[PDB]
Amino acid sequence: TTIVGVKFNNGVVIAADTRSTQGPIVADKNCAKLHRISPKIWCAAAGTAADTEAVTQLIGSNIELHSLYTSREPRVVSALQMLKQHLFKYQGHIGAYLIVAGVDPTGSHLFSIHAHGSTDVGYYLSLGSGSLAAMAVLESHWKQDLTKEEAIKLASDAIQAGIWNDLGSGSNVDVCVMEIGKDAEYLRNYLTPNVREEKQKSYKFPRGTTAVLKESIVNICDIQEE
Amino acid sequence: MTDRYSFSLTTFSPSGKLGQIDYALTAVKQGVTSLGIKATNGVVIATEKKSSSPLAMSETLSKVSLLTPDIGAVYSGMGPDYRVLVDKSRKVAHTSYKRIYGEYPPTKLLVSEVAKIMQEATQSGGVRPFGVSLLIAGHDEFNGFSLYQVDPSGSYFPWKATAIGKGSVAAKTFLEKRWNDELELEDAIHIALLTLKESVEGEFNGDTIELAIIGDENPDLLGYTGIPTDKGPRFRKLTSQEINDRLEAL
Amino acid sequence: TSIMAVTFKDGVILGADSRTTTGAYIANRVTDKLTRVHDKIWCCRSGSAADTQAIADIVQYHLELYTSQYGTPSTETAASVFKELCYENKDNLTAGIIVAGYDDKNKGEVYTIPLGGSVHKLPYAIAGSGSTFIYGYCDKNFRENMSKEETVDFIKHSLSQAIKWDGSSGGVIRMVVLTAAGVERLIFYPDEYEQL
Amino acid sequence: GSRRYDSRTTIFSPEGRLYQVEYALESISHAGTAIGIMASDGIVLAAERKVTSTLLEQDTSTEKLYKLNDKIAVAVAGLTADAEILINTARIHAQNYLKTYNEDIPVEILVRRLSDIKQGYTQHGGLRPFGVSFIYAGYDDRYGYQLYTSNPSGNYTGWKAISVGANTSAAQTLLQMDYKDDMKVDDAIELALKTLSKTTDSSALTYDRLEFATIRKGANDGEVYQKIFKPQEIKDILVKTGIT
Amino acid sequence: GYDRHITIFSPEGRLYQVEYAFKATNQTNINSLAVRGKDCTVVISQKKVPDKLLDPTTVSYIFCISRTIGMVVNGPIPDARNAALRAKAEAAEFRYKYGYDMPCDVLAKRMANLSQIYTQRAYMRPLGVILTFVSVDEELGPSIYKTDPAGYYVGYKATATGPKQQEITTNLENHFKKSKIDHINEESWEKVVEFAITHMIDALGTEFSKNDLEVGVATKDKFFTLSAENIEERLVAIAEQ
Amino acid sequence: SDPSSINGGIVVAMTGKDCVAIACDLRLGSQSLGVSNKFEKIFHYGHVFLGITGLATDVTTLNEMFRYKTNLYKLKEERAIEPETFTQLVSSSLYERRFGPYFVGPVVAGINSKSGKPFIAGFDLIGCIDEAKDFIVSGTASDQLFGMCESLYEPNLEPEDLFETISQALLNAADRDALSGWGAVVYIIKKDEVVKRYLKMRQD
Amino acid sequence: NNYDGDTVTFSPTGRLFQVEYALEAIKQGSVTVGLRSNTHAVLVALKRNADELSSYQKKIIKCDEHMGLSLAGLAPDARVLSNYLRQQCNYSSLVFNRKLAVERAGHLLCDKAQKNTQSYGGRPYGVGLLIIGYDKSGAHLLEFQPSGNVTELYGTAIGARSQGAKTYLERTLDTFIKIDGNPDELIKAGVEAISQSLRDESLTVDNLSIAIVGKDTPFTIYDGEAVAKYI
Amino acid sequence: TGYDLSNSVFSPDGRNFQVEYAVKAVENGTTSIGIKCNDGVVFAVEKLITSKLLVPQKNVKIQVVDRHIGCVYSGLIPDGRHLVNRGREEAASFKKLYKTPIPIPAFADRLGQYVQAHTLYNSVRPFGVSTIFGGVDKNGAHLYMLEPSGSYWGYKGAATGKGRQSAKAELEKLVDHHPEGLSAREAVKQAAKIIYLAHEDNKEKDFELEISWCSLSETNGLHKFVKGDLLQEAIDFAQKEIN
Ligand SMILES: *C[C@@](C)(O)[C@](*)(O)[C@H](Cc1ccccc1)NC(=O)[C@H](Cc1ccc(OC)cc1)NC(=O)[C@H](C)NC(=O)CN1CCOCC1
Ligand SMILES: *C[C@@](C)(O)[C@](*)(O)[C@H](Cc1ccccc1)NC(=O)[C@H](Cc1ccc(OC)cc1)NC(=O)[C@H](C)NC(=O)CN1CCOCC1
Ligand SMILES: [Cl-]
Ligand SMILES: [Mg+2]
Ligand SMILES: [Mg+2]
Ligand SMILES: [Mg+2]
Ligand SMILES: [Mg+2]
């Protein structure tokens, strides 16, 4: 996985690739690794896929209930605090590595969190197997006082470094932009640089090619009347 | 320092009455009037903001509460009992449903869970029943719009329109005359505002009335764009200004 | 990591490098290892990043609750709360923590809590992987009752050397100054400290 | 201490009765009448609603008749909320049995377990009993069509035809008069409605006051179907028998 | 009438133990008042030290719950201190779990929910106290939220509690009818404290020495109480205008 | 020792034009010994189809568990569970056994009865959802199935073409795996008819 | 009256009636006496019978080699409290290699009895005890009442008509306190003290129970023809 | 009525009658006092000599908590012991976690919350003692008195039990006639006088005096009993002033 977070002038942007793997096999070519915790708090996920999905759904659920209870819009530091305490309790066995970002009444925020429960703050971050390829790009091109357009460019470039150079990462680039004063915009398949070329041949078989022993109609309906 | 009240405080009397439930219903009668009206393309729920002091900021006391993005509740009776029920209803919607199925519960099933909580307070050891009746309005994909009343017993009933509290007998009669199965949501809001004027003594404006709707999806209230199938909450609380605009054509 | 806390005439100063490692990879090069547990009680963290955070968050909570009920806790009290957590959970933690604070009564104090959860009150303390390389230097160059500028220089030169020789230490040198005047955060970049 | 306020819900009277059970039965006697009638080719369940208002949404309403599984239904007389606790328990017991044995639960076994729960609240725990009586209608491949009732005592018995709730004395006399063993479902439907029509405390029996259901082995090809009657279907069946 | 001994309903739908808990509220015969400035929230309370043997510095009904939140209690001190300890624990736990300071209104809701439980569960009595929480919240600005033994709570522009609450309340209502604003339009907290003392003097009809009052002030990022001598500095300025 | 390859088996699902297909093999063995030639791995709860590969005791147990849960769902909701909702229920249920998991590779297939949209999903043993537009594979010959599907598949196939494509994917994958085969079943699923066909395949 | 239903209810004058009723079981109990010198401590107890065919109920229980007690009131409650004392003496030995001070023993009994006077469900102990022992600060006599009050004394008595023996010991104070290095004279003085509480009955061979502990004397109980000497 | 039959029930006045009845048990007890001095506190108590048979000096009523806190009480003696035992557990858990010995105001609230907890439920009875306690901490000397309700305040001097009114009048005179302060050795003597003056109200039986103190100068901030020559010097002073 390659996931990144980049801080800019009026917000934060996160990005991710869309590959999931099972051993050396690609299980899914277009997963969504950008998880919504609350409307303006999103995180990019790396590590054990089920753990990242479960941990963001649980903390998102509890953040929603907290937001209702307090009549306040949720803060990134609350998502972070709940994630760190949960992950720490499970001593690394819940293998979620997350870049946690968002905007709230306090401002814009960017954090990373590891499976064992340690957290970091930064202006730019990367996690996953492609984090070194991504961090090379971020360390070469990042500057302070970035615009929104410059930050999306940098973040997607950093993911692309992961896509091309890391065998753990591939397919597409997803982005989410969280700007102060505005709705968060989730850009599903922002880049699509790996469309499969036209096949040379169609493998559609002549009807009757496959030998059949028996047929029957399956009853899917409820028990009938009359 | 132990809870030794492991026996029921609500029991059957010789006549077959459950006194504590009856007495809870009496507390609901003393409560401020609230009502709900179901339209074809929406539901409205409404009540009076009876402020205790005029120094109180009545904006901070929310009698009409979001439970899920498509479900809302209002009450009559004891406000503190309502507030903790709203907390539990919100929570049970996640624990018993959203965390299992990945989607918010349909109205009747969330009603069923609140009903359960209220029934348990009617039979468990060392507790009294809740001194509220709820009106729960909501929408879900396969049932459409619905409106339910929940009583201290845990019983719930679906309504086309109803009212609870102080002036409910008169308000229910007013609604029997005005309700039909072709009402548009604006007509239901207009009827809700008319019905509620009968039960209010003093000032009658957007600062003394609390009113919410279950209507169309509000994408501008969602907080994010980029997911086609997430279209926004159907629950909307009308503002002070929005209510006053509808009181001038009244 | 390279961390130290040094008492001086007007109070105490804490210093740290900014490197976080994941094997040989530097996960964070601008880490803040000096963390506030009370207004004028701070700690330096070494060992597991997750463990020391979890501990520091609990201590911050305990001392905020102490404050509400009993007023301002002493530096010794803060060290006692760190120790209790480190000692009782010694099988499950890898935490080497230095606690430093300023009272008006006791002036500057330094307590070090190594792996086993023992406590040791000292005039100055050093810890972390990089501290091995400066035991000789620090012993030879530390005096009591130094000035603020002298203590800043002592720490800058000490962590300079720890950083030079330890691959697990690096980045910037951060310091926190604790006196009656208040709380002063300092930073020193490689281009200043390397050429010393 | 707390002893002072304990009503002692699970004691005998000097006569050897259970106060709370007797008083719960008194509560049930004021609830809407429910009738069960068993024929050779099916079962009828019919129940009278107590809360008439023109404004009650009736087509999305369910206060009397509940599905327990595909082969077993119940009609309720008493506190509806109490009944829903027990109904959900019975639904779970049915599915546990199916999970364990890969066979649908025999009707008596489900009835016995629900009745055993009710009994427990009369002997231990110091809680009030459930203020509910059930009529169970169901089919299994051992005994075919079956009707049972249970009440707050946790006693259950089986019946050819039975009523619970209000005016059961009047209703049971009328059923005893016109019931015969060779009777069919279509005749039993008519019997159920006539019996309600005479025992009701309302001026007239109309579609909006009724819930109605059948369990027939009258499905396509030797299987069993539960039909919970929609409002229009009850209205038609009220004309077809000449009560409207 | 055992419906009067525990928190079960009477035939008229009432909870007598809750109502009698409200009467314990006035057992101390102290009046409290809270108002909001632009930048601040001030709370004042009468201080009565009848016995000469008491250490007057330990006689207080104002509590620092957290750095940002103050609480004044109207009711007997043991119940007040029970409420104060709980609110302190809750505010600290909130900070640990959610990573930010518990807002005044959320603590008020939490303590109100706890009070609700005592009105529903038989084994617990209600606390015979009314709790006025004050702060300058980072989202909401100057804030006053008040809790009672029914589990009721609400926000206030200003409020007063005690035996003579109605006199103070109408005095304040009458001020805000004139000014037509939600708060005391005043830059410094010192002048808002002076306002609060001034309007309590008028409403109660009694003058105050430095030892007759207890004062708490909430600003952005701290709540603190005034010493007798900071109050004397307040009382002097009122007398000179 | 490795529980995911004691018994053997495979499941594949594909979407076509207004249809889905789901197929499985029939073998159940104990390592080298083939025991049963009739062990089906595809179940249905109303109109939602579930294929399960892996440890056969967990296949059976999970079928019984989802029959239980969907029966109760239907009683409370008064409607049949849809594939998108059932997919979430599978995921929840697998993840609640996170540290003592069911050793299975579930596959969901069906058509949403309201929207008419064909739907397939796959999972790992702890509930990570793989919602794919084209196909889902699972079992001991999953590598082989991935290869067949990735080359043979094309979008918008008609039911009777999709049948040939999915059957050839299954048959040829199974023949390169020692623990899969011994018979196969293919369900072709349209909005309101479902045809089930047993394939003639090599019996070694 | 309305305030005597349980131990958790004060009367309007601040009394605990269930504790006062427990105290009443002691006054119905057969008499027992305790007294001490600087070197020995003695317990004398009048044992009571059911009728002439019966045994005379045992009134004296050893707690350790250096400590034991006499009872008046409910015997099973004395058995519970003496077992607790046996355990506490035993704990002091195994853990600290320390014979338990008689003062600490009294404090432990007080606190154990107190818990039953403040909580619902339980009842007060219905027994009074006289504890004697020889520890590191010499000989000791304690009086335990089930209110929880424990009192250190030169001598005392409890049970029916105990005021006689108690007056005698109040007069005799200056004589018996001096009986150092002389066990048989201290016992005699206790046997004469107990005799001031007799009416109609007098001290026979199977009626009398004596126990002694002191400087080089383990706590030992004399019953039957081993008390004939003192009649 | 019946409002007074069960702890934790509010009467229609807003009173807990069972607590008020616990106060009667306190008012029935022997007199105990505390006096705050320059750098310390003094505690004294009247011990009634029921009989010649009570061993003098041997039924000690004042109790130490930790090493720096004294506690005396009037009422049901076992209830006071229970409260001190809890006080000791609270002081130990504080020192265990925070290292420093428990401050006196902190200790006072620990007892306060525990006594108040016994007014919250009908399954328990309130404490039938008022407890005077205090000592020296890092902030100086502190004296407290704690009633059956859980109410406590800081005191210049305090008294409770049967002779409280007499003692309260005597303490008020010390406060008025020593405004700049009272020394520790003065307070020991004055404590003796006040107990002797307060004994007029319990005058049937003769009594035994018991005193203790914590003082920064005289005891190094630790709690010690007043014994031997200093106790006799204080008794002599008291005997002189009643005659
Ligand atoms: C680049 C990559 C593929 O590693 C990135 O981190 C993926 C992030 C991701 C996040 C959300 C949704 C989908 C994908 N991670 C994966 O694709 C993981 C990689 C992984 C495999 C195994 C382990 O083992 C400790 C860790 C990470 N893939 C999975 O989780 C797949 C779907 N499931 C399994 O491999 C089976 N699991 C492995 C872990 O132990 C339980 C069984
Ligand atoms: C010298 C140095 C840099 O190691 C110093 O001690 C760091 C202190 C620090 C870092 C960040 C914030 C605050 C304080 N420590 C680290 O950088 C640690 C080194 C370390 C790792 C693991 C253990 O385990 C006993 C001890 C020390 N780095 C981390 O903790 C990083 C973030 N996490 C991991 O490397 C993952 N670990 C690997 C080993 O197994 C547990 C999970
Ligand atoms: Cl809460
Ligand atoms: Mg280096
Ligand atoms: Mg209560
Ligand atoms: Mg094969
Ligand atoms: Mg073969």
# chains A, B, ... in the order shown; residues from 1 in each chain; ligands from 1
>>> residues_around(residues="residue 63 (chain D)", least_positions_apart="4", cutoff="9 Å", atoms="only C-alpha atoms", output="PyMOL selection string")
(chain B and resi 155-157) or (chain D and resi 49+76+80+211)
>>> select_by_dssp(residues="region 51-97 of chain F", states="strand (DSSP E or B)", output="PyMOL selection string")
chain F and resi 51-54
>>> interface_residues(of="chain B", to="chain F", cutoff="6 Å", atoms="only C-alpha atoms", output="list in words")
residues 100, 101 and 102 of chain B
>>> interface_residues(of="chain B", to="chain D", cutoff="8 Å", atoms="only C-alpha atoms", output="number ranges by chain")
B: 4-17, 115-116, 119, 123-125, 153-162, 176
>>> write_last_selection(atoms="N, CA and C atoms", output="mmCIF file, in the first residue's frame")
data_model
loop_
_atom_site.group_PDB
_atom_site.id
_atom_site.type_symbol
_atom_site.label_atom_id
_atom_site.label_comp_id
_atom_site.auth_asym_id
_atom_site.auth_seq_id
_atom_site.Cartn_x
_atom_site.Cartn_y
_atom_site.Cartn_z
ATOM 1 N N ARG B 4 -29.828 -3.351 46.525
ATOM 2 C CA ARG B 4 -30.668 -4.462 46.990
ATOM 3 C C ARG B 4 -32.091 -4.483 46.394
ATOM 4 N N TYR B 5 -32.419 -3.515 45.530
ATOM 5 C CA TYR B 5 -33.731 -3.457 44.856
ATOM 6 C C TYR B 5 -33.734 -4.317 43.585
ATOM 7 N N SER B 6 -33.728 -5.636 43.763
ATOM 8 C CA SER B 6 -33.774 -6.577 42.637
ATOM 9 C C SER B 6 -35.200 -7.077 42.345
ATOM 10 N N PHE B 7 -36.203 -6.421 42.933
ATOM 11 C CA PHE B 7 -37.617 -6.779 42.762
ATOM 12 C C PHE B 7 -38.331 -5.683 41.975
ATOM 13 N N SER B 8 -39.433 -6.048 41.322
ATOM 14 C CA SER B 8 -40.223 -5.091 40.540
ATOM 15 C C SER B 8 -40.858 -4.040 41.440
ATOM 16 N N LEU B 9 -40.823 -2.787 40.991
ATOM 17 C CA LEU B 9 -41.571 -1.687 41.609
ATOM 18 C C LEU B 9 -42.876 -1.384 40.856
ATOM 19 N N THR B 10 -43.022 -1.939 39.651
ATOM 20 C CA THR B 10 -44.282 -1.948 38.915
ATOM 21 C C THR B 10 -44.877 -3.352 39.040
ATOM 22 N N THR B 11 -46.066 -3.448 39.638
ATOM 23 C CA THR B 11 -46.771 -4.723 39.816
ATOM 24 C C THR B 11 -48.254 -4.569 39.491
ATOM 25 N N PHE B 12 -48.917 -5.698 39.252
ATOM 26 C CA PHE B 12 -50.363 -5.728 39.032
ATOM 27 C C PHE B 12 -51.114 -5.525 40.344
ATOM 28 N N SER B 13 -52.115 -4.650 40.312
ATOM 29 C CA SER B 13 -53.053 -4.475 41.423
ATOM 30 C C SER B 13 -54.255 -5.402 41.185
ATOM 31 N N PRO B 14 -55.113 -5.616 42.206
ATOM 32 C CA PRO B 14 -56.289 -6.501 42.046
ATOM 33 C C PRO B 14 -57.188 -6.250 40.817
ATOM 34 N N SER B 15 -57.332 -4.990 40.405
ATOM 35 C CA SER B 15 -58.103 -4.639 39.199
ATOM 36 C C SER B 15 -57.409 -4.984 37.866
ATOM 37 N N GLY B 16 -56.133 -5.370 37.920
ATOM 38 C CA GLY B 16 -55.346 -5.703 36.732
ATOM 39 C C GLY B 16 -54.536 -4.542 36.177
ATOM 40 N N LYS B 17 -54.546 -3.406 36.870
ATOM 41 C CA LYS B 17 -53.840 -2.215 36.412
ATOM 42 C C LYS B 17 -52.368 -2.326 36.815
ATOM 43 N N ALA B 115 -38.852 0.997 22.392
ATOM 44 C CA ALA B 115 -39.961 0.298 23.053
ATOM 45 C C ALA B 115 -39.482 -0.755 24.054
ATOM 46 N N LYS B 116 -38.493 -1.542 23.631
ATOM 47 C CA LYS B 116 -37.870 -2.562 24.474
ATOM 48 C C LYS B 116 -37.292 -1.960 25.754
ATOM 49 N N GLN B 119 -40.071 -0.885 27.984
ATOM 50 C CA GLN B 119 -40.682 -2.073 28.606
ATOM 51 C C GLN B 119 -39.844 -2.627 29.758
ATOM 52 N N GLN B 123 -40.580 -3.569 34.287
ATOM 53 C CA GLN B 123 -40.524 -4.961 34.785
ATOM 54 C C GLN B 123 -39.250 -5.308 35.569
ATOM 55 N N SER B 124 -38.093 -4.828 35.116
ATOM 56 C CA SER B 124 -36.826 -4.970 35.854
ATOM 57 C C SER B 124 -36.875 -4.484 37.297
ATOM 58 N N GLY B 125 -35.895 -4.942 38.067
ATOM 59 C CA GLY B 125 -35.788 -4.603 39.467
ATOM 60 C C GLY B 125 -35.339 -3.173 39.697
ATOM 61 N N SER B 153 -45.433 2.098 28.751
ATOM 62 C CA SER B 153 -45.530 0.637 28.783
ATOM 63 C C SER B 153 -44.515 -0.072 27.872
ATOM 64 N N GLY B 154 -44.050 0.630 26.837
ATOM 65 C CA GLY B 154 -43.262 0.040 25.758
ATOM 66 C C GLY B 154 -44.088 -0.225 24.509
ATOM 67 N N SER B 155 -45.408 -0.045 24.595
ATOM 68 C CA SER B 155 -46.295 -0.181 23.441
ATOM 69 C C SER B 155 -46.025 0.924 22.445
ATOM 70 N N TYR B 156 -46.045 0.574 21.162
ATOM 71 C CA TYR B 156 -45.951 1.557 20.091
ATOM 72 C C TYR B 156 -47.009 1.300 19.028
ATOM 73 N N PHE B 157 -47.468 2.382 18.403
ATOM 74 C CA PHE B 157 -48.506 2.326 17.374
ATOM 75 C C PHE B 157 -48.111 3.250 16.228
ATOM 76 N N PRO B 158 -48.346 2.826 14.972
ATOM 77 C CA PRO B 158 -48.112 3.722 13.847
ATOM 78 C C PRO B 158 -49.311 4.644 13.624
ATOM 79 N N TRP B 159 -49.042 5.910 13.302
ATOM 80 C CA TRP B 159 -50.093 6.923 13.122
ATOM 81 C C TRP B 159 -49.981 7.632 11.775
ATOM 82 N N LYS B 160 -51.132 8.022 11.230
ATOM 83 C CA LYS B 160 -51.191 8.956 10.101
ATOM 84 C C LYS B 160 -50.925 10.366 10.607
ATOM 85 N N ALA B 161 -51.535 10.682 11.743
ATOM 86 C CA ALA B 161 -51.238 11.894 12.491
ATOM 87 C C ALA B 161 -51.723 11.682 13.912
ATOM 88 N N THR B 162 -51.047 12.306 14.873
ATOM 89 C CA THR B 162 -51.501 12.270 16.260
ATOM 90 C C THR B 162 -50.906 13.390 17.098
ATOM 91 N N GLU B 176 -58.147 15.015 12.907
ATOM 92 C CA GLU B 176 -59.125 14.140 12.228
ATOM 93 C C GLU B 176 -59.872 14.861 11.100
#
>>> interface_residues(of="chain C", to="chain A", cutoff="8 Å", atoms="only C-alpha atoms", output="list in words")
residues 28, 31, 49, 50, 51, 53 and 54 of chain C
>>> residues_near_ligand(ligand="ligand 5", cutoff="6 Å", atoms="only C-alpha atoms and all ligand atoms", output="number ranges by chain")
E: 6-7, 118-125
>>> write_last_selection(atoms="N, CA and C atoms", output="PDB file, in the first residue's frame")
ATOM      1  N   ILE E   6     -39.399   6.750  48.141  1.00  0.00           N
ATOM      2  CA  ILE E   6     -38.495   6.430  47.027  1.00  0.00           C
ATOM      3  C   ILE E   6     -38.966   7.086  45.731  1.00  0.00           C
ATOM      4  N   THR E   7     -38.109   7.052  44.713  1.00  0.00           N
ATOM      5  CA  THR E   7     -38.381   7.713  43.438  1.00  0.00           C
ATOM      6  C   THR E   7     -39.221   6.848  42.500  1.00  0.00           C
ATOM      7  N   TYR E 118     -30.647   8.911  39.401  1.00  0.00           N
ATOM      8  CA  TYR E 118     -31.087   8.876  40.807  1.00  0.00           C
ATOM      9  C   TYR E 118     -32.611   9.096  40.944  1.00  0.00           C
ATOM     10  N   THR E 119     -33.222   9.777  39.970  1.00  0.00           N
ATOM     11  CA  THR E 119     -34.684   9.945  39.925  1.00  0.00           C
ATOM     12  C   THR E 119     -35.419   8.721  39.371  1.00  0.00           C
ATOM     13  N   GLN E 120     -34.708   7.827  38.681  1.00  0.00           N
ATOM     14  CA  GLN E 120     -35.322   6.622  38.098  1.00  0.00           C
ATOM     15  C   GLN E 120     -35.017   5.338  38.862  1.00  0.00           C
ATOM     16  N   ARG E 121     -33.833   5.262  39.469  1.00  0.00           N
ATOM     17  CA  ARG E 121     -33.396   4.073  40.198  1.00  0.00           C
ATOM     18  C   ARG E 121     -33.643   4.283  41.699  1.00  0.00           C
ATOM     19  N   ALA E 122     -34.236   3.287  42.348  1.00  0.00           N
ATOM     20  CA  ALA E 122     -34.707   3.424  43.731  1.00  0.00           C
ATOM     21  C   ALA E 122     -33.611   3.462  44.796  1.00  0.00           C
ATOM     22  N   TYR E 123     -32.535   2.702  44.596  1.00  0.00           N
ATOM     23  CA  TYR E 123     -31.482   2.577  45.623  1.00  0.00           C
ATOM     24  C   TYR E 123     -30.658   3.849  45.845  1.00  0.00           C
ATOM     25  N   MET E 124     -30.647   4.746  44.860  1.00  0.00           N
ATOM     26  CA  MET E 124     -29.909   6.009  44.927  1.00  0.00           C
ATOM     27  C   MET E 124     -30.870   7.160  45.227  1.00  0.00           C
ATOM     28  N   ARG E 125     -30.531   7.988  46.215  1.00  0.00           N
ATOM     29  CA  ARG E 125     -31.269   9.231  46.456  1.00  0.00           C
ATOM     30  C   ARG E 125     -30.752  10.323  45.520  1.00  0.00           C
TER      31      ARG E 125
END
>>> residues_around(residues="residue 178 (chain B)", least_positions_apart="2", cutoff="12 Å", atoms="only C-alpha atoms", output="ChimeraX atom specification")
/B:37-39,160-162,171-176,180-183,187-192,194-195 /D:55
>>> residues_around(residues="region 41-45 of chain D", least_positions_apart="2", cutoff="7 Å", atoms="only C-alpha atoms", output="list in words")
residues 35, 36, 37, 38, 39, 47, 75, 137, 145, 184, 185, 188, 189, 212, 213, 214, 215, 216 and 217 of chain D
>>> write_last_selection(atoms="C-alpha atoms", output="PDB file, in the first residue's frame")
ATOM      1  CA  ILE D  35     -60.011 -16.496  18.671  1.00  0.00           C
ATOM      2  CA  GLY D  36     -58.255 -19.587  17.353  1.00  0.00           C
ATOM      3  CA  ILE D  37     -60.124 -22.298  15.424  1.00  0.00           C
ATOM      4  CA  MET D  38     -58.561 -25.514  14.103  1.00  0.00           C
ATOM      5  CA  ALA D  39     -60.002 -27.279  11.023  1.00  0.00           C
ATOM      6  CA  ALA D  47     -58.380 -10.919  16.805  1.00  0.00           C
ATOM      7  CA  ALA D  75     -52.364 -14.195  18.584  1.00  0.00           C
ATOM      8  CA  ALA D 137     -51.410 -21.688  15.673  1.00  0.00           C
ATOM      9  CA  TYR D 145     -52.425 -28.659  12.791  1.00  0.00           C
ATOM     10  CA  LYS D 184     -63.073 -26.906   7.032  1.00  0.00           C
ATOM     11  CA  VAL D 185     -61.056 -23.659   7.052  1.00  0.00           C
ATOM     12  CA  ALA D 188     -63.946 -21.912  10.560  1.00  0.00           C
ATOM     13  CA  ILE D 189     -63.219 -18.409   9.171  1.00  0.00           C
ATOM     14  CA  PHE D 212     -56.872 -12.034  10.655  1.00  0.00           C
ATOM     15  CA  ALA D 213     -54.699 -14.967   9.617  1.00  0.00           C
ATOM     16  CA  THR D 214     -54.753 -18.523   8.293  1.00  0.00           C
ATOM     17  CA  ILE D 215     -52.339 -21.428   8.210  1.00  0.00           C
ATOM     18  CA  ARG D 216     -53.396 -23.736   5.360  1.00  0.00           C
ATOM     19  CA  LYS D 217     -51.687 -26.768   3.804  1.00  0.00           C
TER      20      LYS D 217
END
>>> residues_around(residues="residue 238 (chain D)", least_positions_apart="5", cutoff="10 Å", atoms="only C-alpha atoms", output="list in words")
residues 190, 193, 194, 205, 206, 207, 232, 233, 243 and 244 of chain D
>>> write_last_selection(atoms="C-alpha atoms", output="compact mmCIF listing (two decimals), in the first residue's frame")
# COMPACT_ATOMS: atom_id res chain seq x y z
CA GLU D 190 -66.95 -17.68 9.13
CA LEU D 193 -65.91 -13.75 12.58
CA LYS D 194 -69.50 -14.50 13.73
CA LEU D 205 -67.54 -5.25 13.58
CA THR D 206 -65.61 -3.62 10.71
CA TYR D 207 -62.37 -4.32 8.76
CA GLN D 232 -58.72 -5.00 1.99
CA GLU D 233 -58.68 -8.83 2.35
CA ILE D 243 -71.51 -9.23 8.45
CA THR D 244 -71.42 -6.01 6.32
>>> residues_around(residues="residue 34 (chain G)", least_positions_apart="6", cutoff="8 Å", atoms="only C-alpha atoms", output="list in words")
residues 41, 42, 43, 44, 130, 132, 141, 155, 156, 157 and 190 of chain G
>>> atom_distance(atom1="CA of residue 222 (chain E)", atom2="CA of residue 34 (chain E)")
16.6 Å
>>> residues_around(residues="residue 141 (chain F)", least_positions_apart="4", cutoff="7 Å", atoms="only C-alpha atoms", output="ChimeraX atom specification")
/F:10,145,173-174,177,180
>>> residues_near_ligand(ligand="ligand 2", cutoff="10 Å", atoms="only C-alpha atoms and all ligand atoms", output="ChimeraX atom specification")
/A:91-92,113-120 /C:1-3,16-35,44-53,92-97,127-131,163,166-170
>>> residues_near_ligand(ligand="ligand 1", cutoff="6 Å", atoms="only C-alpha atoms and all ligand atoms", output="VMD selection string")
(chain A and resid 1 19 to 22 31 33 45 to 50 52 128 to 129 168 to 169) or (chain F and resid 124 128)
